[PDB]
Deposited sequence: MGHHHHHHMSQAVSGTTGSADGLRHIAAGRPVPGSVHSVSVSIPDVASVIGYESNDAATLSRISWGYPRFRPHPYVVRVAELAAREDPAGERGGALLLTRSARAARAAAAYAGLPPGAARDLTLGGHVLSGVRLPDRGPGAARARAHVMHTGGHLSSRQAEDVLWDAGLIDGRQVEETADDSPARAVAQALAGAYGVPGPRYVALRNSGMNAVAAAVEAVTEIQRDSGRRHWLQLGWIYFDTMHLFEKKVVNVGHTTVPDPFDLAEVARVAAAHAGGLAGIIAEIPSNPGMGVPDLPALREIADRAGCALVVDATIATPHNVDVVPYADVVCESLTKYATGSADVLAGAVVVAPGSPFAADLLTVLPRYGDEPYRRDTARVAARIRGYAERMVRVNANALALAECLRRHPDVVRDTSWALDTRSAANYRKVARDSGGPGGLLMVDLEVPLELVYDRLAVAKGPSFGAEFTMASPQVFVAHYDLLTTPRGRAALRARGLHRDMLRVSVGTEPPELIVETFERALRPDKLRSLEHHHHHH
C-alpha cells in the first residue's frame, strides 16, 4: 500500500495505534512544527511521545474527574516520581489513580511556573509515557469505547520471544543479556542511568557525546534529565579530538555515547577505535544501532551496551513503541549492568510487547529488501545532480570505511538516506508520493523533513540557521526511509518528484 499520496492529517498507517501521520507539504510541516492552531486541527495526530494520543488524553480527563481541576500520565509510578523530582514538584505531585479496574500513574502539573514543561520534557525524552494500547484497554474495560483495534499479535510469552529474537540478532548468549524498555528513548535513558550509577563510586560522572545524534538523546544530556556533566565532540570522525577530550577528563569519564549511523546526519563512527579509547579511559561505550539494525552490523564486540528503538525497522509496522538494551557479555561492566538495569526504565505494556513479538518475526527478511531498495535509490539520487546536492548514508565516501569495520558479511546499508537538496524542499517534498511524516522504519517508504522535526526553532532565524550549518544541516533536506516495495517502483516514484 506504499508509494501513494496520503491525505493530510490521516494517521499513518491507519491503525488506532499509528505512530505517524500524513504531513504531505512543507506548508503543513511549518504549520505543524510552529503549532499553528488551524494546522493542528487538520493534522491533530502525531508521534505518541510528542502529541498525546486521544485515548491517553481521555483517560487523564476521566481519572481526574474521580483535586478535580492538568494530569500527565506515565507508564509507571517510578516514571511519575522521576518526572516530578526532575520538574521540582512536591513529591505528592506523583499520584496513583484508578479507572475501569486499572491503576494509573501520573503527575499533577502546576498551572503556573516551568514545572509543567519540565515534567512533560522528562516523560518525553525518556519515553516514560502511557501507551495507547494500555489506554485503549482502560477505556474498553470501563465501557467507554465500543471496540478495540484489531491487529496481529503473538501473545504467548511475548517478552521472552522478543528478547530471544534480539539475542540471536545481536549474537549474545540469550535473553538474560536483553532488557526490553518502554520505547527506544526509555532504553537509551536506562542504559545511560545504569552506566552512570555503576561509575559513580569511582568518581566518573562525565559523558562524551560523539557527534550530533538523535535529538531526544541530546536533550537528555543538555536538559540534565540525566544529571551528569557532558561534552559534545561535534565531528564523529574526529578521533584525535575524541582522545583529546577524553584525556582532559582522564579518570572522570563515565561513558561515551555514539550512534551508528547517526540520526539524521548519517555519520558512521569508528567503533573499533572508540573501543580502544574507552578501554584507556575506563569508561563504557554505549552505542545506539537503531539505524543500521543488528542484521547489518555486529557492534556487540565493540560496545559495552547497545540500544535499539524497536519502533522502527524491528517491527516495520509504524504502530508500536518499544526499546531494547543489550549488554555485551564480555564487558567489564556486564555483571554490574545486569544487577543495576532493573532499577531504570520500564518494560513495555505487555500488549505492546505482543505486537512487537508478531512483527519482529520478519525482521531479517525485511532488511534484505530494505537494503536492496536503499542501494537502488542511492544510485538514482546520484543521477540527479541538478536537484540533489549530496546524499549522506552509510556507504557514502565519509562513512563507508568506518561502516565496513562492523558490517556483517551479509550486511547492507539499512534503509535511511539523508538527502540534501539544491532546490527548496517544497519542489520535491510536496509532490513526492510516499508517506510523509514523523518516524521511520516501516515496510512502506517514508520521508521526513527532518530538520523541521528536530530543529524548527533553529530554522527560524539567521543565527539559528548558522548553528545548523555548523552541524552540516539546513532547511532543504529530506530523510528517506525506504520500505520493502519493488526497487523499480521506489526509483520511479523519486524520479517523478525530482524532475
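Student: Deposited sequence versus model: which ranges have no CA atoms?
Tutor: Unobserved in coordinates, per deposited numbering: 1-20, 87-90, 94, 525-538.
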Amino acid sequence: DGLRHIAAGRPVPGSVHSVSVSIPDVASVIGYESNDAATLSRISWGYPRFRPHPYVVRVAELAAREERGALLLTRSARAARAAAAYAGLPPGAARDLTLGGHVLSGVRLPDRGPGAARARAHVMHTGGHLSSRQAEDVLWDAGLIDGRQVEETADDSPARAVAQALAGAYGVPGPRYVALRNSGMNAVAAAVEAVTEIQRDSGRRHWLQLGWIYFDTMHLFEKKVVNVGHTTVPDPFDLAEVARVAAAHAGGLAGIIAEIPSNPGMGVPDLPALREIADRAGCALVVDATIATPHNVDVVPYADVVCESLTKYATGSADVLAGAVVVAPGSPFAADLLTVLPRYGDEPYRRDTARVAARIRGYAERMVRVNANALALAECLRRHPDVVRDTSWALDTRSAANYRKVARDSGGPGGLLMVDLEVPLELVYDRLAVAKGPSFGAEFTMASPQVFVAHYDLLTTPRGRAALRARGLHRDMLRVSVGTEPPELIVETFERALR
From here on, numbers count along this sequence of modelled residues.
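Student: With respect to the recorded C-alpha B factors, which stretch has the higher mean value, 89-97 or 181-189?
Tutor: The deposited B-factors put 89-97 ahead on the C-alpha mean.
Student: Which has higher Cα B-factors on average according to the PDB entry: 432-440 or 54-62?
Tutor: That would be 54-62.
Student: Among 396, 386, 151, 136, which residue carries the highest C-alpha B-factor recorded in the PDB entry?
Tutor: In this record, 386 carries the highest C-alpha B-factor of the candidates.
Student: Could you say which of 292, 357, 320, 247 has its CA atom at the highest B factor, as listed in the PDB entry?
Tutor: Answer, based on the entry's C-alpha B-factors: 247.
Student: Classify residue 41 as lowest, middle or highest third according to the C-alpha B-factor given in the PDB entry, relative to its own chain.
Tutor: Residue 41: CA B-factor falls in the middle third of its chain.
Student: Can you tell me whether residue 485 has a C-alpha B-factor in the lowest, middle or highest third compared with the other modelled residues of the same chain?
Tutor: Its C-alpha B-factor belongs to the middle third of this chain's values.
Student: Relative to the other modelled residues in the chain, which third contains the C-alpha temperature factor of residue 203: lowest, middle or highest?
Tutor: For residue 203, whose C-alpha B-factor we compare with every modelled residue in the chain, the answer is the highest third.
Student: For residue 238, does the deposited CA B-factor place it in the lowest, middle or highest third of the chain?
Tutor: It falls in the top third of the chain.
Student: Mind checking which third residue 144 falls in for C-alpha B-factor across the chain?
Tutor: For residue 144, the deposited C-alpha B-factor lands in the highest third.
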